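Novice: Starting off with a structure, shown below.
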Amino acid sequence: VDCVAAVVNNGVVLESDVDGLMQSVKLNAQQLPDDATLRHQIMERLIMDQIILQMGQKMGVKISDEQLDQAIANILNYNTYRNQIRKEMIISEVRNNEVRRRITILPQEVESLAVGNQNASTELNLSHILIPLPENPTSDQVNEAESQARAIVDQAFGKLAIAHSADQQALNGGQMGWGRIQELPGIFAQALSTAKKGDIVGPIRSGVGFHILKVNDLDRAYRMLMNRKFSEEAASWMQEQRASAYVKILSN
Amino acid sequence: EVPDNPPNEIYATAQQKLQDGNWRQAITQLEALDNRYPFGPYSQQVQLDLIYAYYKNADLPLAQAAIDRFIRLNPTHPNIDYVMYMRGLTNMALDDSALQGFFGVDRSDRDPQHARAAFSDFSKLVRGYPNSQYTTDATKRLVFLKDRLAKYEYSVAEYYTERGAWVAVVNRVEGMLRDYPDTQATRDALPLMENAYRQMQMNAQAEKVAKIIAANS
Amino acid sequence: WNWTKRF
Amino acid sequence: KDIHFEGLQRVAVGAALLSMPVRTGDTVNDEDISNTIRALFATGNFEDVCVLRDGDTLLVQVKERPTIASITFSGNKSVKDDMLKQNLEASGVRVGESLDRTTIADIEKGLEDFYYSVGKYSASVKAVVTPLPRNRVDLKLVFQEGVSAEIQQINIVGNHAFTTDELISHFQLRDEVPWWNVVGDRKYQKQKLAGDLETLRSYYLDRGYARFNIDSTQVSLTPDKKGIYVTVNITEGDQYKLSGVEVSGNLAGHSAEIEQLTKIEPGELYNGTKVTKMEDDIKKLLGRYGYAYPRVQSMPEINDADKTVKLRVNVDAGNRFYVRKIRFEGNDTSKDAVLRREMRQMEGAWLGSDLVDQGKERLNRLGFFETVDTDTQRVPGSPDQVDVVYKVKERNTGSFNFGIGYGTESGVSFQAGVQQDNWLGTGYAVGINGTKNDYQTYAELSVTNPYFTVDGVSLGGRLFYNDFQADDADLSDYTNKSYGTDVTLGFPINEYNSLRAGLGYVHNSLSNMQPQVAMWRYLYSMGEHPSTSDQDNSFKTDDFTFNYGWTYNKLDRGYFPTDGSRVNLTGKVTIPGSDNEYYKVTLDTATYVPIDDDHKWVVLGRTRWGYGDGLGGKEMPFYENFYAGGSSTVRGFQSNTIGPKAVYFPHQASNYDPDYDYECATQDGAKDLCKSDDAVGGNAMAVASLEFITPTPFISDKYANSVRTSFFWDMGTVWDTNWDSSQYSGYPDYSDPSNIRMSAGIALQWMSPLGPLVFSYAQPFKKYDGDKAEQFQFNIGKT
Amino acid sequence: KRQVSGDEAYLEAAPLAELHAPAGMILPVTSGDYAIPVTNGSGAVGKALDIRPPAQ
Amino acid sequence: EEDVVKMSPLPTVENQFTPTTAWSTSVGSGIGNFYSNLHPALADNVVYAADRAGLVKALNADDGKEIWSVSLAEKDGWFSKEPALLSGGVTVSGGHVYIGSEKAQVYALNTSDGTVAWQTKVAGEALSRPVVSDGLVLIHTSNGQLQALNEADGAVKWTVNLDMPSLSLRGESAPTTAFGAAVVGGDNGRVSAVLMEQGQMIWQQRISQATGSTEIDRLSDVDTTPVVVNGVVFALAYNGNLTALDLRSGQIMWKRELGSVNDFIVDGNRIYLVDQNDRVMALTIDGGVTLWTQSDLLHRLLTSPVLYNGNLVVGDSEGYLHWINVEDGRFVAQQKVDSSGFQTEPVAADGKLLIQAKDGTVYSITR
Amino acid sequence: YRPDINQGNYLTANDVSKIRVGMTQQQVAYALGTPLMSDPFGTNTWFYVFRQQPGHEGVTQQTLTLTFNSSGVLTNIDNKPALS
Ligand SMILES: [Mg+2]
């Protein structure tokens, strides 16, 4: 009744947690595609979380409880809910810890004082679909990845954001909340130049993969550029950790 | 090639090969059992069988390594006297390592460091275990090793008499009289020391050596 | 050529 | 309620029970079983587990990690398998425990690590996990070692005085290794680089550059990690002089003799070799006086203004140490006497560092040991007594040689044999050898004791069997099957010198003798009068010879000598009571005079003298006559074609065939004596050769020294003093030494991978009738 | 190479008899690091001793 | 002995055009197997190719006819020959042909006839491009000294010592000049900017994440020419980081986990480079986000990429020229050019793509 | 022929003159070093033998016998400068 989906490093992802998080996204959902693809995406996401968990549950300390209680109170089985929140707030913290060291922010033109920069006009509510690719997606990966990306952009979004996405917002649907112009990756800036209400943005070539955007709604620059660099570097490093790990799929 | 059978049958087959007289299969079976199941059931008996098989197969270096592993792993063991006796046997077999055959060469003037190690090992065995079943056999082997070491020093003294190194001859026979005073090689080397003293015109000591020879002839 | 082999 | 495991074939059940919180008689729910399975995988005990639905209580499935039963290595050409198995052991995974798939990549990079260290900067490794029942897997690592990182180029910067090629020629690291030359290997090593840097320093200090300094040494890899570039950025100074030498320190009362060692002539270029030789001479002088460690520091005070060097030779004669006993370790085969008789340092004497070094060098010269190390251990409880312990690693001394060579002199030379140079570790060298030329078949069995006397006198016996086909040796046809024994004492009277004296019985069987004047003269003088017909004659002699010899060998280099002299005076006189009554003296000489400081230009004076005659009532055997011509005696002539020519008698050959003339056969139409061009040799020869050795003209200087080019001029005459010029007047007087044949030519010598190749082209500008002028001579690996 | 050492056929060594110091002098001190203890037992020698490892 | 991987199979692609050699002009033995930076140059219409043996040919770029040819080797009698060992790539800016040599001699020849305008001994092997800037010729010797020499007089104006590791990679980083600041890549991972007048240390920043292995494999050489765009210096060490740094301060604008010893193009908002594994990667400039990656040419010993007619061109050690698309990185075209192979970088100047092979035969390609 | 056969202590021929009666064993053992040969049978009778046999030159030996007592003080000096 409680099998194992995969083994990653010394850790193992179960089937109880996979099904539990699937039921969680089911209750949260928004409409979702066929449950088989959700199964595969959920095991992919839990493998993604566990590999980076190995980077931090053996070195980084553990989150406190009362600050966790404050966060959950601000926003079923109580033990399981508390286990999930302890499971996710530590992984967000360690992801931030690694990404901060993989990013440098200078007070120089990196700060982009020269604050207006490119026009930063209004916050945008946009969604993201990512197509994961191997660090070496040459051979045929990009070729098939291109075919899937063209199919996705032609079709469009609620289905596809869960179908074959890779970011942590895959199950949520790629929602990013409000986003200003400079708070987005550099590849997305040119797409934003052509963005429009309900516009579908074609796949954008990147080492992380093919990114599909759809606009839903139309010292200060420090956080904007930090958000854009955090997005780019986190998207890169998630792929790096995915490639630099031992993952096997158990059909059982 | 040994299949991964339960330890009891593999051990029984290895033992049957041991009394059968065919060694190499016994070594292979014992090492397979030890490697597959490290520190398993009755592992010390397996180690003892491995040491015995290595010694009997003329594979002296691996026997020495296994004996060292056993002695550092079991400083207080019921059959520790046995493993020290096996170490001494391996050292003695290293002593008489003739390249082709054991003939009139007698290997007395060859490398004695293996003989020295074997003598130290058997001396430790007899001093620590004077009631073991190998006690008098180890004593006889010590007698032979003392004879062989004194024969080596006698060969050195004989060569130095041939060369004319009379100081070297005197020192070597003095070393005999100190370390090996009750050996036939020392009795044969006493005339060598008398000759060395006479060739150096130190008759004050040549007469003493002659008196010693006369009193012990 | 000269061959010698140490046995 | 009740847990029922299904795995645990290898892992003990108790480990799973303690690693699984929920057990028999415990609360069962999804959270607890999730915690138990998570903690079970936390320790990594099991590779895969599951819980199978069962109506009866609980059920657990377990799949342990597959234990490795054997380690398989394939394709590891450059390194031994257990070397990488030690790597696998050091990682933490070995046979007897499970295999971890995560650790596999670490293993792969670990093998890359030692391939990087050994010099293979590109050697991929692939893991293969072959399944085996009872939860087992066998790793079969496929090694694919790339191209070894060879030195692409060695460059020197700032060497304005000397070309880069000339300096790299002496380096043991080689950037160019021609296929036709054996100059080393292109593999790069740290120790080799340091040794070649020291070689460069020695080369520059030997030419007067006291201010020479190696500023830096850049070792660079080609971005493919296949080629290595060595750039020795140096700063050569000027060619300094040697103004004077002073000695200091505690000379221990031997100041006069030390100063007598330190004579220099002013205005002479500084020489690092001469400075080191002076230091070693002072060291040897003090060691002979009983000082074990005579420290000698020759610091140069360098006057840049006048460009001179003044040597301050600080000398500290240390305390006298005495060798309590010399101990030999590792001589399991060779007896103690074999190693001790090679020692110059004597037990019970004062320790001498030079004596210990000489003993170590002699032991290395024995060849019985892989390596010889010396340790001057301090005797406990004694301030000045030491034990000179020698640690030797015994070699497989016995070896069988298999040589194949070709040359114009002897056709195809098939050499074979087996020799144990350390028979039973007693020092005796036993050995059977065999040679097959176009004309000579030699079979030897020599047993020699190098130390028959403790002074170094050797005693060697030799059973030899020589089947000599004279017809194939470009001579008058006769087959000499000789067999006998020799017993020779070699006397090392002095270093660079060796006398020898022995007794040897030889039985000669002569058959198929060509009727001719010289051989029949010898047979007549031996008391036999057989008919001049019957080509297939038969003769048997039993002759006992006292052989003596003297070899003076001052050649500084065994191969391609540049200075010194090698003289070999070998005589053989028949003792009374032998069938033959004759004496025969031979004298080889090869003197090398270097006419330049670099020893590139050499003058080679090579002489080859010989004189032999009977002792009254007998003549010298015709098979003992000297020969000249061919390679190494008189180049440009046919093998053994110089000397008296056979004068065949009118006789009937065994087989006849028209248009062959069968060397004056009666069937061909011969009724009177004829002058034949087939040489027979003479009882005396005199050969000289002036050979100007020059650097090879058109060649890279990196391996120019490996190819010796020479311009040779050979004089040579072979005459028979017993020639009957009275009753043989129409024929040329073969007893005339004035007929000195001369040839001049060029020659190349180099150690090709096919052995020592020696080519030569020579024109004989003064040759006589019957001398076959073979313009081109060569010899491919006679060894 | 060492097979014959399975049966070395020793015990031909002569018994160790200490030398007697004549009157007027004394032999050098033994310093018996190579001394033979008086330890004795049954220990049947001459291949009569079983070198087979005793299992427990 | 076979390489770590069978050198990547020839990627069969449908070429959108027909790449042909406009003209071919052989150079004797053409540097050879020896690794060197020696590549042709182009001033106005003359291709100045050089050779390891010391043979320098100025050719007409339109048809490959010898405008002139000179031999720089200094033979001594008939005993020994001294090839010039030209390794520094040909650089022709101010009417002079500047060529470095491994004999620590840099030669400036006249473009008019080929006579040696001057020749100067330097600290070590002038393995770098003798770049020309501000009336000065800057070279990076193999010894580790960045030397600036008078453009016409030829005497060394100044010399700056850079740290050299125990082991390094063949080749030295050619200096890049901007706003009177010369930026070089030291072999120890330190990218160093100095003045252009006497060369005092403006700044020095480590860009290599290497030395972690603590072996002779993780060499941290910076053997690529840094590129200065918008006042930002892009450098690419070996087994290190593709780092964009501030030119004035030396602080790292950003870094990527990329290591290479091949020159990279920085144009517009794109950076195209060839990895140490001979992997063709295109990244952004704003944050270094890798736009695309080509591993089909893995371990094929690619040359430094160039931009020809809006199309990346890369050689390899097989004589193959691969035209890689700028946008998606897909192999637009593939040409079998030579059999010896390509080691040195091509040059894309005046609408002409010039390339030397490992036998030195200079080829001009038309797209 | 035969190599150099050196044996025993190297008597400098000036250190031996510095030896006088009454010195303890430590002082002489410092002056000339520990003798190669003692008297293992009798009392502390140190034999310093400077023996040299060159390459067919003739063996020259200088014997120096130091007869101490039980107390460790020198009593007798029997010097033989040449081989009798
Ligand atoms: Mg470099």
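In the structure tokens, the first chain shown is A, the next is B, and so on; residue numbers restart at 1 for each chain, and ligands run from 1 in the order shown.
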Residues within 9 Å of stretch 1-6 of chain C, please, as a list in words. Count only C-alpha atoms; anything in the same chain fewer than 4 positions from it doesn't count.

Specialist: residues 395, 396, 397, 398, 399, 400, 401, 402, 403, 404, 405, 415, 416, 417, 418, 752, 753, 754, 755, 756, 780, 781, 782 and 783 of chain D

Novice: Counting only C-alpha atoms and all ligand atoms, what residues are within 6 Å of ligand 1, given as a count of residues only?

Specialist: 8

Novice: May I have the residues of chain E within 6 Å of chain G, counting only C-alpha atoms, written as a list in words?

Specialist: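 The complete set of qualifying residues is residues 25, 26, 27 and 28 of chain E.
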
Novice: Between atom CA of residue A:145 and atom CA of residue A:19, measure the distance and give it in Å to one decimal.

Specialist: 27.7 Å

Novice: Could you build a table of the residues in chain F lying no more than 6 Å from chain A, giving for each the nearest pair of atoms and their separation in Å rounded to one decimal place, using only C-alpha atoms, ordered by chain and ascending residue number, as JSON lines?

Specialist:
```
{"residue": "F:290", "atom": "CA", "partner": "A:207", "partner_atom": "CA", "distance": 4.8}
{"residue": "F:291", "atom": "CA", "partner": "A:206", "partner_atom": "CA", "distance": 4.0}
{"residue": "F:292", "atom": "CA", "partner": "A:207", "partner_atom": "CA", "distance": 5.3}
{"residue": "F:294", "atom": "CA", "partner": "A:138", "partner_atom": "CA", "distance": 5.3}
{"residue": "F:295", "atom": "CA", "partner": "A:138", "partner_atom": "CA", "distance": 5.8}
```

Novice: Skipping near chain neighbours, those fewer than 4 positions away, what residues fall within 8 Å of stretch 77-82 of chain G using only C-alpha atoms, listed as a list in words?

Specialist: residues 20, 21, 60, 61, 62, 63, 64, 65, 66 and 67 of chain G

Novice: Would you mind reading off the distance between atom CA of residue E:46 and atom CA of residue B:136, one decimal, in Å?

Specialist: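 Interatomic distance here is 11.1 Å.
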
Novice: Env of residue F:180: 9 Å cut, atoms = only C-alpha atoms, seq-sep filter 4 positions within chain, self excluded. Answer as a list in words.

Specialist: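 My list of contacting residues is residues 133, 134, 194, 195, 196 and 197 of chain F.
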
Novice: Got time to write the residues from that selection, C-alpha atoms, as a short mmCIF file (atom, residue, chain, number, x, y, z; two decimals), in the first residue's frame?

Specialist:
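out-v8.cif was written with the following content:
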```
data_model
loop_
_atom_site.label_atom_id
_atom_site.label_comp_id
_atom_site.auth_asym_id
_atom_site.auth_seq_id
_atom_site.Cartn_x
_atom_site.Cartn_y
_atom_site.Cartn_z
CA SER F 133 47.11 49.08 -29.56
CA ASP F 134 48.02 52.67 -28.62
CA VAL F 194 47.07 46.93 -16.24
CA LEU F 195 47.73 50.35 -17.71
CA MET F 196 48.71 50.87 -21.34
CA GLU F 197 51.63 53.24 -20.63
#
```

Novice: Atom CA of residue D:699 to atom CA of residue F:35: how many Å, to one decimal?

Specialist: 23.6 Å

Novice: Using only C-alpha atoms, tabulate the residues of stretch 70-92 of chain B lying at most 12 Å from any atom of stretch 4-10 of chain E, each with its closest atom pair and that distance in Å to one decimal, by chain and increasing residue number, as a tab-separated table.

Specialist:
```
residue	atom	partner	partner_atom	distance
B:89	CA	E:5	CA	9.3
B:90	CA	E:5	CA	9.6
B:91	CA	E:5	CA	11.1
B:92	CA	E:5	CA	8.5
```

Novice: For chain F versus chain D, which residues have an atom no more than 9 Å away, and what is each residue's nearest atom pair and distance in Å rounded to one decimal, using only C-alpha atoms, chain-then-number order, as a Markdown table?

Specialist:
```
| residue | atom | partner | partner_atom | distance |
| --- | --- | --- | --- | --- |
| F:1 | CA | D:146 | CA | 5.7 |
| F:2 | CA | D:146 | CA | 4.8 |
| F:3 | CA | D:146 | CA | 3.6 |
| F:4 | CA | D:124 | CA | 4.5 |
| F:5 | CA | D:124 | CA | 7.2 |
| F:33 | CA | D:152 | CA | 8.2 |
| F:34 | CA | D:152 | CA | 6.6 |
| F:35 | CA | D:222 | CA | 6.6 |
| F:78 | CA | D:697 | CA | 7.3 |
| F:79 | CA | D:697 | CA | 5.7 |
| F:80 | CA | D:701 | CA | 6.9 |
| F:81 | CA | D:700 | CA | 8.1 |
| F:82 | CA | D:163 | CA | 8.0 |
| F:102 | CA | D:155 | CA | 7.6 |
| F:103 | CA | D:157 | CA | 6.0 |
| F:104 | CA | D:157 | CA | 6.5 |
| F:121 | CA | D:158 | CA | 8.9 |
| F:123 | CA | D:157 | CA | 8.1 |
| F:124 | CA | D:157 | CA | 6.2 |
| F:125 | CA | D:157 | CA | 7.3 |
| F:142 | CA | D:218 | CA | 7.4 |
| F:143 | CA | D:218 | CA | 6.7 |
| F:144 | CA | D:218 | CA | 8.9 |
| F:164 | CA | D:218 | CA | 8.1 |
| F:165 | CA | D:218 | CA | 8.4 |
| F:166 | CA | D:219 | CA | 7.1 |
| F:167 | CA | D:219 | CA | 5.3 |
| F:168 | CA | D:220 | CA | 4.6 |
| F:169 | CA | D:221 | CA | 4.4 |
| F:170 | CA | D:220 | CA | 4.8 |
| F:171 | CA | D:222 | CA | 8.1 |
| F:215 | CA | D:113 | CA | 8.1 |
| F:216 | CA | D:116 | CA | 7.2 |
| F:217 | CA | D:116 | CA | 6.9 |
| F:260 | CA | D:223 | CA | 8.9 |
| F:261 | CA | D:223 | CA | 7.2 |
| F:276 | CA | D:223 | CA | 7.7 |
| F:299 | CA | D:224 | CA | 8.6 |
| F:301 | CA | D:224 | CA | 7.1 |
```

Novice: Can you check which residues of stretch 16-61 of chain A DSSP gives as alpha helix (DSSP H) on the backbone and send them as a VMD selection string?

Specialist: chain A and resid 16 to 28 35 to 57

Novice: Just the residues within 9 Å of residue G:69, please, counting only C-alpha atoms, with nothing from its chain fewer than 2 positions along; format it as a PyMOL selection string.

Specialist: chain G and resi 43-45+67+71-75

Novice: Pick out the chain D residues within 8 Å of chain A. Count only C-alpha atoms. Give them as a list in words.

Specialist: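 On the chain D side, the interface is residues 30, 33, 34, 38, 41, 42, 44, 48, 49, 50, 51, 52, 53, 101 and 102 of chain D.
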
Novice: Tell me as a ChimeraX atom specification which residues belonging to chain D come within 9 Å of chain B, counting only C-alpha atoms.

Specialist: /D:68-69,95-97,134,324-325,328-337,340-341,346-349,424-426,453-455

Novice: Take the residues that were just selected and, keeping N, CA and C atoms, output them as a PDB file, in the first residue's frame.

Specialist:
```pdb
ATOM      1  N   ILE D  68      28.516  -7.091  -4.432  1.00  0.00           N
ATOM      2  CA  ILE D  68      29.496  -7.395  -5.467  1.00  0.00           C
ATOM      3  C   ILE D  68      30.290  -8.631  -5.063  1.00  0.00           C
ATOM      4  N   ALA D  69      30.401  -9.585  -5.987  1.00  0.00           N
ATOM      5  CA  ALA D  69      31.121 -10.825  -5.735  1.00  0.00           C
ATOM      6  C   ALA D  69      32.491 -10.873  -6.398  1.00  0.00           C
ATOM      7  N   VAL D  95      34.560  -6.192  -2.794  1.00  0.00           N
ATOM      8  CA  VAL D  95      33.900  -7.487  -2.726  1.00  0.00           C
ATOM      9  C   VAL D  95      33.650  -7.861  -1.270  1.00  0.00           C
ATOM     10  N   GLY D  96      32.468  -8.412  -1.006  1.00  0.00           N
ATOM     11  CA  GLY D  96      32.039  -8.751   0.332  1.00  0.00           C
ATOM     12  C   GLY D  96      30.938  -7.864   0.870  1.00  0.00           C
ATOM     13  N   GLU D  97      30.754  -6.677   0.297  1.00  0.00           N
ATOM     14  CA  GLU D  97      29.648  -5.799   0.651  1.00  0.00           C
ATOM     15  C   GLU D  97      28.931  -5.369  -0.623  1.00  0.00           C
ATOM     16  N   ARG D 134      20.850 -14.534  -6.160  1.00  0.00           N
ATOM     17  CA  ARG D 134      21.074 -14.334  -4.727  1.00  0.00           C
ATOM     18  C   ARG D 134      21.492 -12.895  -4.436  1.00  0.00           C
ATOM     19  N   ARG D 324      81.002  -1.638  12.046  1.00  0.00           N
ATOM     20  CA  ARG D 324      80.966  -2.785  12.945  1.00  0.00           C
ATOM     21  C   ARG D 324      80.695  -4.073  12.180  1.00  0.00           C
ATOM     22  N   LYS D 325      79.749  -4.039  11.242  1.00  0.00           N
ATOM     23  CA  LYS D 325      79.463  -5.197  10.409  1.00  0.00           C
ATOM     24  C   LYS D 325      78.668  -4.758   9.190  1.00  0.00           C
ATOM     25  N   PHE D 328      73.755  -7.888   4.619  1.00  0.00           N
ATOM     26  CA  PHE D 328      73.084  -7.991   3.333  1.00  0.00           C
ATOM     27  C   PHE D 328      71.667  -8.500   3.544  1.00  0.00           C
ATOM     28  N   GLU D 329      70.698  -7.776   3.001  1.00  0.00           N
ATOM     29  CA  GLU D 329      69.293  -8.125   3.123  1.00  0.00           C
ATOM     30  C   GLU D 329      68.703  -8.321   1.737  1.00  0.00           C
ATOM     31  N   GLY D 330      67.879  -9.354   1.594  1.00  0.00           N
ATOM     32  CA  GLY D 330      67.259  -9.661   0.325  1.00  0.00           C
ATOM     33  C   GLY D 330      68.030 -10.616  -0.558  1.00  0.00           C
ATOM     34  N   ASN D 331      69.232 -11.032  -0.156  1.00  0.00           N
ATOM     35  CA  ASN D 331      70.017 -11.984  -0.939  1.00  0.00           C
ATOM     36  C   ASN D 331      69.553 -13.413  -0.653  1.00  0.00           C
ATOM     37  N   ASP D 332      68.282 -13.664  -0.969  1.00  0.00           N
ATOM     38  CA  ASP D 332      67.712 -14.985  -0.731  1.00  0.00           C
ATOM     39  C   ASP D 332      68.317 -16.034  -1.654  1.00  0.00           C
ATOM     40  N   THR D 333      68.672 -15.652  -2.880  1.00  0.00           N
ATOM     41  CA  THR D 333      69.275 -16.589  -3.822  1.00  0.00           C
ATOM     42  C   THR D 333      70.798 -16.574  -3.726  1.00  0.00           C
ATOM     43  N   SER D 334      71.409 -15.420  -3.979  1.00  0.00           N
ATOM     44  CA  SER D 334      72.859 -15.315  -3.932  1.00  0.00           C
ATOM     45  C   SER D 334      73.352 -15.437  -2.497  1.00  0.00           C
ATOM     46  N   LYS D 335      74.418 -16.207  -2.306  1.00  0.00           N
ATOM     47  CA  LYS D 335      74.947 -16.379  -0.966  1.00  0.00           C
ATOM     48  C   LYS D 335      75.654 -15.105  -0.510  1.00  0.00           C
ATOM     49  N   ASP D 336      75.916 -15.035   0.796  1.00  0.00           N
ATOM     50  CA  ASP D 336      76.502 -13.830   1.372  1.00  0.00           C
ATOM     51  C   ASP D 336      77.873 -13.539   0.779  1.00  0.00           C
ATOM     52  N   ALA D 337      78.639 -14.585   0.463  1.00  0.00           N
ATOM     53  CA  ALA D 337      79.976 -14.379  -0.079  1.00  0.00           C
ATOM     54  C   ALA D 337      79.937 -13.697  -1.439  1.00  0.00           C
ATOM     55  N   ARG D 340      79.413 -10.067  -0.662  1.00  0.00           N
ATOM     56  CA  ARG D 340      80.465  -9.488   0.163  1.00  0.00           C
ATOM     57  C   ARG D 340      81.780  -9.341  -0.589  1.00  0.00           C
ATOM     58  N   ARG D 341      82.045 -10.205  -1.570  1.00  0.00           N
ATOM     59  CA  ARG D 341      83.283 -10.084  -2.329  1.00  0.00           C
ATOM     60  C   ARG D 341      83.270  -8.898  -3.281  1.00  0.00           C
ATOM     61  N   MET D 346      85.274  -2.538   3.923  1.00  0.00           N
ATOM     62  CA  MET D 346      85.555  -3.774   4.634  1.00  0.00           C
ATOM     63  C   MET D 346      84.991  -3.690   6.046  1.00  0.00           C
ATOM     64  N   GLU D 347      84.322  -4.756   6.475  1.00  0.00           N
ATOM     65  CA  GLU D 347      83.812  -4.807   7.836  1.00  0.00           C
ATOM     66  C   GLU D 347      84.967  -4.766   8.826  1.00  0.00           C
ATOM     67  N   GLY D 348      84.777  -4.033   9.919  1.00  0.00           N
ATOM     68  CA  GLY D 348      85.829  -3.843  10.889  1.00  0.00           C
ATOM     69  C   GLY D 348      86.807  -2.739  10.562  1.00  0.00           C
ATOM     70  N   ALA D 349      86.636  -2.058   9.437  1.00  0.00           N
ATOM     71  CA  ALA D 349      87.480  -0.945   9.036  1.00  0.00           C
ATOM     72  C   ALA D 349      86.744   0.365   9.277  1.00  0.00           C
ATOM     73  N   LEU D 424      72.581 -21.299  -8.865  1.00  0.00           N
ATOM     74  CA  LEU D 424      72.306 -21.653  -7.473  1.00  0.00           C
ATOM     75  C   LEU D 424      72.740 -20.565  -6.500  1.00  0.00           C
ATOM     76  N   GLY D 425      72.805 -19.318  -6.961  1.00  0.00           N
ATOM     77  CA  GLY D 425      73.230 -18.226  -6.112  1.00  0.00           C
ATOM     78  C   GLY D 425      74.666 -18.292  -5.651  1.00  0.00           C
ATOM     79  N   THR D 426      75.482 -19.157  -6.245  1.00  0.00           N
ATOM     80  CA  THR D 426      76.872 -19.306  -5.848  1.00  0.00           C
ATOM     81  C   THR D 426      77.801 -18.360  -6.592  1.00  0.00           C
ATOM     82  N   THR D 453      89.736 -16.950  -6.942  1.00  0.00           N
ATOM     83  CA  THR D 453      90.531 -16.446  -5.838  1.00  0.00           C
ATOM     84  C   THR D 453      89.843 -15.205  -5.292  1.00  0.00           C
ATOM     85  N   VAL D 454      89.968 -14.990  -3.981  1.00  0.00           N
ATOM     86  CA  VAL D 454      89.301 -13.860  -3.344  1.00  0.00           C
ATOM     87  C   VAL D 454      89.766 -12.532  -3.927  1.00  0.00           C
ATOM     88  N   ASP D 455      90.956 -12.494  -4.530  1.00  0.00           N
ATOM     89  CA  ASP D 455      91.461 -11.273  -5.144  1.00  0.00           C
ATOM     90  C   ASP D 455      90.700 -10.878  -6.403  1.00  0.00           C
TER      91      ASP D 455
END
```

Novice: Identify, with DSSP run on backbone atoms, the residues in stretch 61-179 of chain A assigned to strand (DSSP E), and express the list as a list in words.

Specialist: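 So the strand (DSSP E) residues in stretch 61-179 of chain A would be residues 124, 125, 126, 127, 128, 129, 130, 131, 132, 175, 176, 177, 178 and 179 of chain A.
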
Novice: So, counting only C-alpha atoms, which residue among B:190, B:138, B:149, B:213 is closest to residue E:39?

Specialist: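 Nearest to residue E:39: B:138.
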
Novice: Mind checking which residues fall within 9 Å of residue D:93, counting only C-alpha atoms, ignoring those fewer than 6 positions away in the same chain, and posting them as an MDAnalysis selection string?

Specialist: chainID D and resid 68 99:100 103

Novice: Restricted to N, CA and C atoms, what would the selected residues look like written as a tab-separated table (two decimals), in the first residue's frame?

Specialist:
```tsv
chain	number	residue	atom	x	y	z
D	68	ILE	N	28.52	-7.09	-4.43
D	68	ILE	CA	29.50	-7.39	-5.47
D	68	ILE	C	30.29	-8.63	-5.06
D	99	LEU	N	27.05	-3.06	-3.65
D	99	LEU	CA	27.46	-2.06	-4.62
D	99	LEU	C	26.50	-0.88	-4.55
D	100	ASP	N	27.05	0.33	-4.57
D	100	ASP	CA	26.26	1.56	-4.58
D	100	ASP	C	26.37	2.20	-5.96
D	103	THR	N	28.08	5.61	-5.92
D	103	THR	CA	29.53	5.56	-5.80
D	103	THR	C	30.20	5.21	-7.12
```
